[PDB]
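One chain is shown next in structure tokens, namely the form deposited without the ligand.
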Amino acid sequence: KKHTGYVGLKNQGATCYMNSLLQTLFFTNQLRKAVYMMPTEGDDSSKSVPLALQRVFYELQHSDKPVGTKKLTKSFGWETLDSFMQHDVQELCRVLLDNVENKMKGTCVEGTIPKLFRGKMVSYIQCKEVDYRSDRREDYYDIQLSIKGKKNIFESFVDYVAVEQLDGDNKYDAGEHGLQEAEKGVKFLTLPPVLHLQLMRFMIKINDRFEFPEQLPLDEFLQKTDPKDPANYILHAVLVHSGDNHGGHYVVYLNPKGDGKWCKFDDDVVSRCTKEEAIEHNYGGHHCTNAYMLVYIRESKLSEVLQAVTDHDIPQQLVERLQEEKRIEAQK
């Protein structure tokens, strides 16, 4: 008696935001395939994060039952009762991705992580009185957006690049010119194919209303724009939290194929839903249900990022290794 086309993950503790992120990464099809190509054949099943992530993805791809993640949590060492509460998604993500990005070094799939998530920035400082400016290019794999006092994602972005004033006791150490008054701000050089945006709702938990669109145009927050690739993004996933600070239930809504057809992933339960329930209903009310992380995929990168994944895309040597574990556990 089944349906959706997708299977869920099992509830095994206060993993909190974990399950949502796992589903989010699994449907980043280009990322999934790259993981399956990792040289884990010689790794230790209970100490290898790369191998643990492969296992979950394989399970999520084949299994007809909810998937477990115990070997995964043991993998990165987050096993204490509140180990996931004292961390945020932004940190979990760096754990997994940083581990996978490094394991792919020396392979045919090396650099898949940066290609998908890394973007370029530029932080500057300009002195008011004296002529001195300092430039520093930066790399980022995600964006933390201020939400308190903002209506939509557009104002958060307006505020993000806003010029900052450095004055008396804020005065900038200009070295040879001694302390000075100056401005500091940021400007975007590039925006990645997959955009990880975390909404700064936790600092407390801010449940004010905050709107985000299905289609997001960022072309204007970029230094130089370039036709043939307007920075227009398509909403892929909405990571939702319900309740107050330490009172919760985490869920995620995704339209996996980028076709506008959404589903709700509530741990082991996966069901179809409307756009409104995934988008508008999660803007925040005047009622605590809402989104804390959004995922957008560039309109021009949608096809490649959402590449169809086949059973053959998983190395036979991996397939067998995983399949044997199923037998060992079947004989239990």
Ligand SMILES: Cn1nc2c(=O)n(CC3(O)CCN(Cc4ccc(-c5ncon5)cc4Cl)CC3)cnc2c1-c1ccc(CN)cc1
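For every residue, the number given is its place in the sequence shown, counted from 1. Whichever C-alpha set is largest while still superposing within 1.5 Å between the two forms counts as the rigid core.
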When the other structures of this protein are compared, and only where the residues around it are present, is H286 absent from a third or more of them? yes
Counting only residues from the deposited sequence, how many are left out of the model between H286 and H287 (none, 1 to 3, 4 to 9, 10 or more)? 4 to 9
Can you count the deposited residues that have no coordinates between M203 and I204 and report it as none, 1 to 3, 4 to 9, or 10 or more? 4 to 9
Can you tell me which stretch has the higher mean Cα B-factor, 183-191 or 106-114? 183-191
Per the PDB entry, mean CA B-factor is higher for 81-89 or 132-140, namely for 132-140
Which of these has the highest Cα B-factor in the record: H196, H177, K261, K71? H177
According to the deposited entry, which of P256, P217, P227, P213 has the largest Cα B-factor? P227
Relative to the other modelled residues in the chain, which third contains the C-alpha temperature factor of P66: lowest, middle or highest? middle
Chain third (lowest, middle, highest) by recorded CA B-factor, residue given as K47: highest
Chain-relative C-alpha B factor for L96 (record values, thirds): the middle
If you rank the chain by CA B-factor, which third does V238 end up in: lowest, middle or highest? lowest
Sort the modelled residues of this chain by their C-alpha B factor and say whether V158 lands in the lowest, middle or highest third. middle
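One more form of this protein exists, namely the form solved in complex with the ligand; it is left out here, but the text below deals with it.
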Using a 2.4 Å cut-off to backbone and C-beta atoms, with three or more ligand atoms needed to call it blocked: open or blocked for the ligand placed in the entry with it bound and overlaid on this form? blocked
Taking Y36, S63 and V319 as the candidate spot, are all three within 4.5 angstroms of the ligand in the entry with it bound by heavy atoms? no
Proximity to the ligand in the entry with it bound (heavy atom, within 4.5 Å), stretch among 122-130, 256-264, 193-201, 219-227: 193-201
Partner contact for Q90 in the entry with it bound: the ligand, 4.5 angstroms, heavy atom: yes
Taking the ligand as it sits in the entry with it bound, is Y292 near enough to touch it, meaning that at least one heavy atom pair lies within 4.5 angstroms? yes
Can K205 be called a contact residue for the ligand in the entry with it bound at 4.5 Å between heavy atoms? yes
Is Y250 one of the residues lying within 4.5 Å of the ligand in the entry with it bound, judged by heavy atom distances? yes
Counting non-hydrogen atoms within 4.5 angstroms of the ligand in the entry with it bound, say which of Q144, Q165, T107, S134 makes the cut. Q144
Scan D244, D159, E214, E79 and let me know which has any heavy atom within 4.5 Å of the ligand in the entry with it bound. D244
Align on the core first; then indicate which of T225, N170, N232, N152 has a CA shift of 2 angstroms or more between this form and the one not shown. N170
Superposing on the rigid core, do we see a C-alpha displacement of 2 Å or more at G106 between this form and the one not shown? no
After core superposition, I'd like to know whether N245 moves between this form and the one not shown (criterion: C-alpha shift of 2 angstroms or more). yes
